[PDB]
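Colleague: First, the structure itself, so that you have it in front of you.
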Amino acid sequence: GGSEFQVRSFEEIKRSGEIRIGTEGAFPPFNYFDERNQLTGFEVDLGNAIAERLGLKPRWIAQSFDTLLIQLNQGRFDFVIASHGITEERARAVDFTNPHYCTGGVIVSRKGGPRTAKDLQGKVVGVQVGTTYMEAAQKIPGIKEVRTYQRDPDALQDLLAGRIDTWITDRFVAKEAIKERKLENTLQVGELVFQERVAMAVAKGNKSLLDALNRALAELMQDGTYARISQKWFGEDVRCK
Ligand SMILES: N[C@@H](CCCC[NH3+])C(=O)O
């Protein structure tokens, strides 16, 4: 169907009455397509709450993770909410909001496998393209091979199939994958490889929208909306401390 690409200021957005939100749709329980193929998750609930507070109809676009920030800067959407940890490198190309959650990257292996970064000496480590996991895997010494996947759930599948020794992913993502697939007795979560603060992105320089997102997120944090949505997905409050 195609769409009109434009980096829009908040005033232009407000004038149209709708806001375009980019996400991935392959990172359960943050953003994913459910069993009746509808987009949902923590970040989808958060984005819709933000849109509602701002008085705007949300329009969601799911696309592959590796080009979300690319297509954001090209004008495909107004902001992205797709679990991006804030990094110096990414901040050169997009502006981040205040983080909407805090989390960490974690080692996951089959029951007898690697627990610590040092255990990764000589091992095959699967990670998703363009992630902070692939960043940290490239910097852990003595890994035999970093295998990079287009989608995070496919790295998990290669771990289950015994084609890699370890999968590095988000701690909440690993937690829920194991539960929902009943792999408590087959997978083992190891140590936290790093910690990160995860934020929404807008196109480099889009301060007016950045301001409006930061104001809405603060209100959701203060008025109880954030707390309900976090409790809904995690049974705990995941905001940054
Ligand atoms: N939090 C990680 C993963 C993002 C989502 C990848 N499916 C990162 O910032 O790279």
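Ligands are numbered from 1 in the order shown, chains are lettered A, B, ... in the order of the structure tokens, and residues start at 1 in each chain.
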Which residues form the shell of 9 Å around ligand 1 when you count only C-alpha atoms and all ligand atoms, given as number ranges by chain?
Modeller: A: 24-28, 30-31, 64-66, 82-87, 103-105, 128-135, 150-153, 169-170, 196-199
Colleague: For the selection you just gave me, I'd like the residues written to a file as a short mmCIF file (atom, residue, chain, number, x, y, z; two decimals), in the first residue's frame, keeping C-alpha atoms.
Modeller:
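So the final result, stored in selection.cif, reads:
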data_model
loop_
_atom_site.label_atom_id
_atom_site.label_comp_id
_atom_site.auth_asym_id
_atom_site.auth_seq_id
_atom_site.Cartn_x
_atom_site.Cartn_y
_atom_site.Cartn_z
CA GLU A 24 9.49 -4.81 15.39
CA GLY A 25 6.78 -7.36 16.23
CA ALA A 26 9.23 -10.16 17.01
CA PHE A 27 10.39 -9.59 20.58
CA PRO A 28 7.80 -11.15 22.98
CA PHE A 30 7.73 -6.35 24.56
CA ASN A 31 6.32 -6.20 21.04
CA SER A 64 12.47 -5.81 10.73
CA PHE A 65 14.61 -4.63 13.68
CA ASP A 66 17.81 -3.75 11.77
CA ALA A 82 11.09 -1.38 19.89
CA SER A 83 13.24 -2.00 22.94
CA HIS A 84 16.38 0.01 21.90
CA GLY A 85 18.94 0.37 24.70
CA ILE A 86 20.42 3.88 24.61
CA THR A 87 23.98 3.77 23.26
CA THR A 103 16.79 -4.20 31.76
CA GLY A 104 19.90 -6.30 31.00
CA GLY A 105 21.42 -8.71 28.49
CA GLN A 128 20.29 -10.91 16.74
CA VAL A 129 21.64 -8.50 14.10
CA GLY A 130 22.14 -4.86 15.10
CA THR A 131 21.57 -5.47 18.84
CA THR A 132 23.43 -4.60 22.02
CA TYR A 133 23.73 -8.37 22.44
CA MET A 134 25.73 -8.68 19.20
CA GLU A 135 27.75 -5.68 20.34
CA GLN A 150 17.88 -11.64 11.61
CA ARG A 151 15.28 -12.37 14.33
CA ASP A 152 15.88 -13.09 18.02
CA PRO A 153 13.53 -16.06 18.28
CA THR A 169 19.19 -11.83 24.73
CA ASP A 170 17.06 -9.62 27.03
CA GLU A 196 20.83 -1.00 29.73
CA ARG A 197 18.24 1.74 29.80
CA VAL A 198 15.74 1.28 26.95
CA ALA A 199 14.10 4.28 25.23
#
Colleague: Among stretch 69-220 of chain A, which residues carry a DSSP assignment of alpha helix (DSSP H), reported as a PyMOL selection string?
Modeller: chain A and resi 69-74+88-91+132-137+152-160+171-181+207-220
Colleague: Name the closest residue to residue A:194 among the candidates A:208, A:109, A:116, A:71; distances are taken between atoms, counting only C-alpha atoms.
Modeller: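 Among the listed residues, the smallest separation from residue A:194 belongs to A:116.
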Colleague: Which of these, A:229, A:125, A:72, A:140, has the shortest distance to residue A:193 once you count only C-alpha atoms?
Modeller: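 Distance minimum relative to residue A:193 lands on A:140.
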Colleague: Would you mind telling me which residue in A:55, A:162, A:122, A:205 lies nearest to residue A:186 when using only C-alpha atoms?
Modeller: A:162
Colleague: Listing only residues of stretch 59-170 of chain A within 8 Å of stretch 4-20 of chain A, what is the closest atom pair and its distance in Å (to one decimal) for each, using only C-alpha atoms, sorted by chain and residue number ascending, as CSV?
Modeller:
residue,atom,partner,partner_atom,distance
A:59,CA,A:20,CA,4.7
A:60,CA,A:20,CA,6.0
A:61,CA,A:20,CA,7.4
A:72,CA,A:7,CA,7.8
A:73,CA,A:7,CA,7.0
A:74,CA,A:5,CA,6.6
A:75,CA,A:6,CA,4.1
A:76,CA,A:5,CA,4.8
A:77,CA,A:20,CA,4.7
A:78,CA,A:20,CA,5.1
A:79,CA,A:20,CA,6.8
Colleague: Can you tell me, as a list in words, what residues are no more than 8 Å from residue A:96 when counting only C-alpha atoms, ignoring any on the same chain fewer than 5 positions away?
Modeller: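 These residues fall inside the cut-off: residues 86, 91, 199, 200, 201, 202 and 210 of chain A.
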Colleague: Would you mind telling me which residue in A:239, A:1, A:164, A:40 lies nearest to residue A:227 when using only C-alpha atoms?
Modeller: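 The shortest atom-to-atom distance to residue A:227 comes from A:239.
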